[PDB]
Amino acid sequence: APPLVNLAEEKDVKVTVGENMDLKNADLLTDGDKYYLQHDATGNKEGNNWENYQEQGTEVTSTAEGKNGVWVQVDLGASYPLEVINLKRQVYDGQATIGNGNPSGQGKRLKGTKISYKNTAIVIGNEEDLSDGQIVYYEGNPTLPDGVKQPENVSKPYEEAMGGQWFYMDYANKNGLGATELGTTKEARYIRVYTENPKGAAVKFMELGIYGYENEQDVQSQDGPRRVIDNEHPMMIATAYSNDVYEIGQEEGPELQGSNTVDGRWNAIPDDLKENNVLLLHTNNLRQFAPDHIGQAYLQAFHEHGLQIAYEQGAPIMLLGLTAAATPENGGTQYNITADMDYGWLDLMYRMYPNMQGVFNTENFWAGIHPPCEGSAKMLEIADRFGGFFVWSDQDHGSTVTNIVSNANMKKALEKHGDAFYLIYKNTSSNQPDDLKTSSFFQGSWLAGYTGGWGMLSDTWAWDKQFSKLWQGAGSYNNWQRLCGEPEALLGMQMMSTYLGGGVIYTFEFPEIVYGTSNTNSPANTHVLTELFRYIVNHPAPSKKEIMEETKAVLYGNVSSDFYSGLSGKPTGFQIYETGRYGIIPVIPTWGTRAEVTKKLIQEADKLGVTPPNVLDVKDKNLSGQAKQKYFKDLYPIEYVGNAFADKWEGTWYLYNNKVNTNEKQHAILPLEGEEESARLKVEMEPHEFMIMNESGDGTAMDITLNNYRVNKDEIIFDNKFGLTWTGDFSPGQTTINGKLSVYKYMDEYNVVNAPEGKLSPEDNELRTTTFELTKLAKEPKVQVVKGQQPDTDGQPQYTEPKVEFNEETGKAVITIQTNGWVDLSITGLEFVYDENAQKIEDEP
């Protein structure tokens, strides 16, 4: 257990009241329950109806005539450093009803009249009569203990809330309501709460949480950030979705999609990569549409439970803070139990769990604009106060970033806390060609210093919108089938392109396919993600300085989707390029006027010691399409010839075949280093392959890593040879739809890395050819596999031994290999001589 605890709950406390007061059911004050839900075992429903909100609690009643004010006091049994207090009293005058929310007819919200209590005060101390009392909070005019002085600044009443009220130990910080620095404590044994009900002599106290430490040695402090996210410290996020089943008080940790667990996902990660990974707790459709009491209870219980399990395993955590515009801010939806977030609870999670790091937001604007901005503004402030971070994932059709800045509170929060805020793409709607513009916006936002970084969320839902079987269009298959169809190597190609643009966050869905099921690692995870991510961890991406230095043009405004065609590549929806010649092309959205953005970018460049790029409005005559190619070709020299993607960056060539789902070979012809400048490497690749090449520099050697890992889904998924049920319906006794269960069955039984007996190795044994032509050489070069992807349990090879043909009379050496997966090749004994016929590395006339 972490050092910050609810002492009121953990200790054997004594509860008392003043003379002429009656005390009833004292144990309810410190039972950890603020909601008194009764039907947890049946999904918080009795029949088809959500259970009512029924408020129970410790009742204190004045029996002194004409004097309704009461107090209740807790003796913790010893003096402890206290940091936070949470007080909740009866919220509703009478009983609240369950009425219509947002969206109308599905969302549910409590309705009724809320109580605003008066003459509320909180006093703590180390004498039982509190003659040494210190004021934590004071509203109205309750008579304090003898020896405790009236405070100068007095609070006014507030409306009681579902989560209660939160108090901290700095009276000068908003009269005790203002959240303090981690570890701001006062030592006390006795805690007294004063309250007067506006109607009558009785107050029901539903909970008094008193959070502190066992001793002063355990008191925490804010000594720096919880993590660094940058080119030298990249971060992979894996989403841990609730399976939508949970019961408050259950012994076992929350079940995740695909028979996964929080601890299980963490322990599946290779040890050397754990420091660059985080788990995102996502509530998914847990208690979806539920009214306030059920929503808040389940949001809190699910996240706390995940945090605790993570804490025991040493796993850092992000929480889903906001999706589907489901926020407690005015106008919010109830599409998710994030609707019932209590910002006091979110603060508590950072104080209680040292492994709590970040907040995640995605997919809001289809459902509402300003509510998710208002909520994100508050959560960004909280995250950054604790040295944490905030990630916002979305595709930008053109108004995503401008919507964010159009909200005054979010704009202001970004100005103060922007260094802890990260924008990552999300290519779910792959059929809209906004992938490349999104990356440009997000890179541009970072480059100019409005945000702390950028990155990627690649979603296999992208495949659903366009394709099915290999080389085929969507056809008439179920969407859960098409979800499974994406080539594994393509995920690596996407990672490579994000890396080259100085991206620092990497995340993938559908998690049960890309990371795995049943706490195992999937084929994608094992043979692509973990391999390439290890390269990214050990070979830092370009810094902001390096991006700035290589960038000759920055655009301003809402760049056209189709701008990239005939430049870096046609937007495919899959976040890949035809060439690396121009980089990502940073486009700064309208964070301010062109002049304001220009000044900001110049300041950022100056700070890095770099020449500022020129800023052009997207509408500039030079970017028209006739003149755009001329303008960009004059700024950025050609590096290689051919139709494959290639980028040379700091001595290393990065390549891929850039066809998403068309079976075409592509090539790249590279000028090689050394004394002989006519030296050439031609690479030819079939689709779904990426490559990293490093020359020795003296023209004698080179190392090549290639990866073209692709599982064939044609028979198992699309022909459906095992007769799985791919539909959106529930089957008898199931809380998960058939389509999902089928994905899980595929991953558990039919596509298993190192498949044990009775399970199938992945369908990955059909190999494809990569060829390398080296010219002009005097003698045959030497090739060998340093390391290669090993067989699954079926014994079938993932590569064949490389073959070298060398022609004496011409310079040409041809190296051929067949792979499905990764190999590290080493080529040595290269003796280049002058080649008058060497391919010219230049543009066409």
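Start at 1 and count along the sequence shown; that's the residue number.
Look at the mean CA B-factor for 486-494 and for 633-641 in the entry; the higher one is 633-641.
Stretches 691-699 and 587-595 differ in mean C-alpha B factor, with the higher average recorded for 691-699. The PDB entry assigns its highest CA temperature factor, among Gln73, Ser429, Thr402, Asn153, to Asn153.
As recorded in the PDB entry, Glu46 shows the highest C-alpha B-factor of the residues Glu46, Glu55, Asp40, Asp27. Among the modelled residues of its chain, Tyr92 has a C-alpha B-factor that falls in the middle third according to the deposited record. Among the modelled residues of its chain, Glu808 has a C-alpha B-factor that falls in the highest third, as given in the PDB entry. Ranked against the other modelled residues of its chain, the C-alpha B-factor of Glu780 as given in the entry falls in the highest third. Sort the chain's modelled residues by C-alpha temperature factor and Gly728 lands in the highest third, per the entry. Among the modelled residues of the chain, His293 sits in the lowest third by CA temperature factor in this PDB entry.
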